[PDB]
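Examining the three-dimensional arrangement
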Amino acid sequence: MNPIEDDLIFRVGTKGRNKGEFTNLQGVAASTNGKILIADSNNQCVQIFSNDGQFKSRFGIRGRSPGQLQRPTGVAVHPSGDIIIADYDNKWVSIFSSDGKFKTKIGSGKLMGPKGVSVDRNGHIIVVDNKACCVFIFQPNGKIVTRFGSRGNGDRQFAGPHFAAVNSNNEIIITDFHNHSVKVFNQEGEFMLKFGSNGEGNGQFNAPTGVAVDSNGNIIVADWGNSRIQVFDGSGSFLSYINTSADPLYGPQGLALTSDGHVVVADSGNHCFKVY
């Protein structure tokens, strides 16, 4: 009965509704200026931490009106410092200043149930419409540049698309929760490739959620169903697991790459984020 060690660098958080506490961790983002952002769908807030896990700030007012949050899921940060939040229940995407002041909302009357949001290198806002099974690319002014996807199990289809990432070529990477796969599109939303299948083997998933691309171009994918994190190269060739065996994940949600090169994951069942 000997103790074991794994890849964990540090964890932050406990169950609750006060600052530093979480009920339902969803989206995770990281800023170029060294912050970690965590969306909580049930506390209706975003909390901002430093890279060493120090609490910095919180914002988010519960409600159903513009400027409020009801079920915030995805979070992204624009290089301006603006914070982008997708609301599954209000069915719009809010843009806030870095101090948490509401600026504008996009996608009003276009979205059914958004989860992931990402910003690409052209400053477009990528919105994953989980309920509609499609992905929107918006200008910050709210005009739709393109949309792609329909419900199903085809290569160009989704079944509960969840989160998004963008690589160095501005290609869009989408986790397809119920199709047990990761799908990659060009910046125009055209299908490039699919990887993963249902299972527990190397490169297999049971319900992918969080996704990020690292400084080496690797795709890092959280598996909600199997509670593990896998590393792939940019083509979807399996490289490794992150070793999470000593302090296991229970239902990992969002995942991001920190400015200091580390993987941060929302460990929803442990009411914390974990950095590897």
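Per chain, the count goes from 1 following the written sequence and can depart from the entry's numbering; residues without coordinates do not appear at all. Computation of side-chain values: all heavy atoms of the structure, hydrogens and water removed.

Header annotation of the entry names X-ray crystallography as the structure determination method and lists the resolution as 1.6000 Å.

Any two of the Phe, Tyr and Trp rings considered here, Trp counted by its six-membered ring, make a pair once their centres fall within 6.5 Å; the pair's planes then place it as stacked at under 30 degrees, edge-to-face at over 60, or tilted in between. Applying the stated criterion across every chain yields a total of 16 aromatic pairs. Here the aromatic rings of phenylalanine 22 and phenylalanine 49 are separated by 6.1 Å at their centres, their planes lie at 45°, and the arrangement is tilted. Of the two residues, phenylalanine 22 is situated in strand β3 (residues 21-22) and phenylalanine 49 in strand β6 (residues 45-50); the sequence distance between them amounts to 27 residues. For the residue pair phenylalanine 22 and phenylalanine 49, the accessibility class agrees, reading buried in each case. For the ring pair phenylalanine 96 and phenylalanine 102, a centre distance of 5.7 Å and an interplane angle of 70° mean the geometry is edge-to-face. Put simply, the rings of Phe10, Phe22, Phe49, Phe55 and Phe273 pair up and form one aromatic cluster. The ring of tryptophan 92 carries the charged tip of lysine 105 above its face, separated from the ring centre by 5.2 Å. Working definition: helices are DSSP H or I runs of at least four residues, strands are E runs of at least two. Numbering for both runs from the N terminus. The buried label goes to any residue with under 20% of its type's maximum accessible area, the exposed label to any with over 50%, and the partly exposed label to all in between, with areas taken from a 1.4 Å probe on protein chains only. Only when the NZ atom of a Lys or the CZ atom of an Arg is both within 6 Å of the ring centre and within 35 degrees of the ring normal do we say a charge sits over the ring.

For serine 227, which is not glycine, the phi dihedral falls at a positive 55°. One non-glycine residue, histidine 271, lies in the positive phi region at around 55°. Locating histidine 271 in the fold gives a position in the loop between β25 (263-267) and β26 (272-275).

A separate point is the sheet that holds strand β23 (residues 238-241). Spatial strand order, β20-β21-β22-β23: four strands in an open sheet with antiparallel pairing. Of all strands in the sheet, those bounded by a partner on one side alone are β20 (208-213) and β23. With direction set aside, neighbouring strand axes in the sheet form an average angle of 25°. A pair of strands is considered paired only if DSSP assigns at least 2 bridges between the two. Relative to strand β22 (residues 228-232), strand β21 (residues 219-223) runs antiparallel, the two being bridged by five bridges. Bridged to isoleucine 219 within β22 is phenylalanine 232. Angular values range over 0 to 180 degrees, each being the angle between N-to-C directions of two axes fitted as lines to C-alpha atoms, with helices fitted over their stretch in contact.

One side-chain nitrogen of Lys or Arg within 4 Å of one carboxyl oxygen of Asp or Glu is enough to make a salt bridge. With the rule as written, the count across this model stands at seven salt bridges. With its nearest N and O atoms 2.8 Å apart, the salt bridge here joins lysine 103 to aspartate 82. With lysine 103 in strand β11 (residues 102-106) and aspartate 82 in the loop between β8 (72-77) and β9 (83-87), the pair connects residues that are 21 residues apart, well separated along the chain. Classification of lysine 103 by relative accessible area gives partly exposed; the value is 45%. Judged by its relative accessible area of 14%, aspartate 82 falls in the buried class. The shortest N-O distance in the salt bridge between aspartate 247 and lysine 274 comes to 2.9 Å. A residue pair is termed long-range when its members are at least 10 positions apart, and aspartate 247 in the loop between β23 and β24 (252-257) and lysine 274 in strand β26 qualify at 27 residues. The pair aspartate 247 / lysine 274 is uniform in exposure class, with both members buried. Here the residues in one salt-bridge network are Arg11, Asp247, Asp267 and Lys274, joined through shared partners.

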